[PDB]
Amino acid sequence: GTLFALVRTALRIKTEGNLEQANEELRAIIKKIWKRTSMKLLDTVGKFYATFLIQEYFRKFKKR
Amino acid sequence: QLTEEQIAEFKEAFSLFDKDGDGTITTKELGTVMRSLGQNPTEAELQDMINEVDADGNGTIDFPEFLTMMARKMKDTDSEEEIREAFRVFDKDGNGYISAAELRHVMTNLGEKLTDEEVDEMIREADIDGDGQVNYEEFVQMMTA
Amino acid sequence: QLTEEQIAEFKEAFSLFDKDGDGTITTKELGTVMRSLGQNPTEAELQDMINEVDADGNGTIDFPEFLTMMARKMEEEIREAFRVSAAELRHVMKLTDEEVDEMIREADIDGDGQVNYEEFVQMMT
Ligand SMILES: [Ca+2]
Ligand SMILES: [Ca+2]
Ligand SMILES: [Ca+2]
Ligand SMILES: [Ca+2]
Ligand SMILES: [Ca+2]
Ligand SMILES: [Ca+2]
Ligand SMILES: [Ca+2]
């Protein structure tokens with residue numbers, strides 16, 4: 001039926017978007033479980049003077 | 001001995017740790033700088049650090065105190081040991097190589113404004129072997145040159 | 001630095017603890033969620049949990065305090081982790097077998113069965 005044939009088309013379109021949307025939602029969740037899982041895996045006086053030596057080194061450079 | 005000039009360089013070094021500008025360094029502040037240099041010190045190693053430098057017992061480091069420590073450290077002249085500590089700061093991942101990004105990050109956190117080109121220039125001049133990175137020996141030449 | 005996206009998630013996370021939705025987490029509401037996670041904290045334990053995070057000293061936790069805490073705790077940064085396959089993956093992990101294959105499958109751009117830094121990169125950025 002014309003009207004019916006029309007309705008069938010509209011639902012085919014809705015259904016495909018449903019499918020695409022469900023794929024996007026899954027991808028987002030997986031990406032996020034990759035990240036939150038990376039996020040849970042990567043988990044003295046001489047230091048003052050070190051900082052100084054580096055600063056001193058930068059000054060020398062800028063003047064070279 | 002001490003030049004008006006070295007005092008002023010020691011004050012630059014003091015400023016970096018004195019985040020709020022109030023003239024003293026706290027355990028908090030030392031922590032934020034250490035954390036920004038790669039390390040993660042314990043609340044106690046921080047207090048111990050402050051305590052070794054804190055001559056008057058008030059629980060924070062002022063500039064005379066910092067000056068006393070730095071000046072004294074300067075007269076240790078067998079200090080290839082201090083270059084080693086400087087290396088460790090730059091080499092955040094301990095892999096034995098300072099990348100461009102490692103040099104940049106340290107560089108920024110000491111308030112030092114270099115261009116991407118300047119950093120490239122720094123690495124290029126220091127890199128004796130051509131791998132685009134600075135190893136310990138190349139770093140030594142660089143720091144003593 | 002924080003993004004609009006991470007702010008939203010942490011606002012969702014806050015919600016799980018702000019039960020009555022009044023904008024503040026109390027020792028009571030906090031004890032409720034713990035119980036539902038199978039823990040039995042003592043009243044003083046809940047106070048200490050709140051106290052570590054209670055910037056303004058008022059006894060409860062608002063969203064800006066909650067956010068201060070979450071933000072504090074959550075090409076170089078990637079490649080470290082990359083140095084550490086379906087077999088190689090199930091190792092680290094909470095999740096199930098089929099679901100690990102999904103996690104692989106998504107990363108497997110080239111379609112070779114395991115994950116390459118090049119695509120892991122695409123999986124991180
Ligand atoms: Ca201060
Ligand atoms: Ca003092
Ligand atoms: Ca390195
Ligand atoms: Ca090199
Ligand atoms: Ca509430
Ligand atoms: Ca509060
Ligand atoms: Ca692959």
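Numbering of ligands and ligand atoms starts at 1, following listing order. Chain identifiers are assigned alphabetically (A, B, ...) following the order of the sequence lines, protein sequences preceding nucleic acid strands; residue numbering begins at 1 within each chain. Side chains included, hydrogens not; waters and symmetry mates left out as well; all remaining heavy atoms used.
For the Ca ion (ligand 6), the set of nearby N, O or S atoms under 3.0 Å includes none belonging to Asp62(C). Backbone or side-chain N, O or S atoms of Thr60(C) reach the Ca ion (ligand 6) at under 3.0 Å.
Take the Ca ion (ligand 3) as the corner point: the lines to OD1 of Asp91(B) and to OD1 of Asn95(B) open at 80°, to the nearest 10 degrees. Centred on the Ca ion (ligand 3), the O atom of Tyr97(B) and the OE1 atom of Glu102(B) lie at an angle of 80°, reported to 10°. The angle that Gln133(B) O and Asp127(B) OD1 make at the Ca ion (ligand 4), rounded to 10°, works out to 100°. Put simply, the angle at the Ca ion (ligand 4) from OD1 in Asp131(B) to OE2 in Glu138(B) is close to 160°, to the nearest 10°.
In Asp93(B), the N, O or S atom that comes nearest to the Ca ion (ligand 3) is OD1. When the N, O or S atoms of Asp56(C) are ranked by distance to the Ca ion (ligand 6), OD1 comes first. The atom of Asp54(C) nearest to the Ca ion (ligand 6) is OD1, with the search restricted to N, O or S atoms. Residue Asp129(B) approaches the Ca ion (ligand 4) most closely through its N/O/S atom OD1.
Side chains of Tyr97(B) and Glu138(B) form no contact here, defined as non-hydrogen atoms less than 4.5 Å apart. Side-chain contact check for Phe90(B) versus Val134(B): every heavy-atom pair is 4.5 Å or farther apart. The closest side-chain heavy-atom distance from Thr2(A) to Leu6(A) is not below 4.5 Å. Under the 4.5 Å side-chain criterion, counting only non-hydrogen atoms from C-beta, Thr44(A) is not in contact with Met49(B).
Taking the six-membered ring where the residue is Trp, the centroids of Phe66(B) and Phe10(B) are separated by 6.0 Å or more. Checked against the 6.0 Å centroid threshold, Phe52(A) and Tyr49(A) count as a close aromatic pair.
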* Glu65(B)/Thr68(B) under side-chain hydrogen bond (donor to acceptor under 3.5 Å, both in side chains): CA gap, chis, key distance, verdict -> CA-CA 5 Å; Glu65(B) 289 166 328; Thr68(B) 297; over 6 Å; no
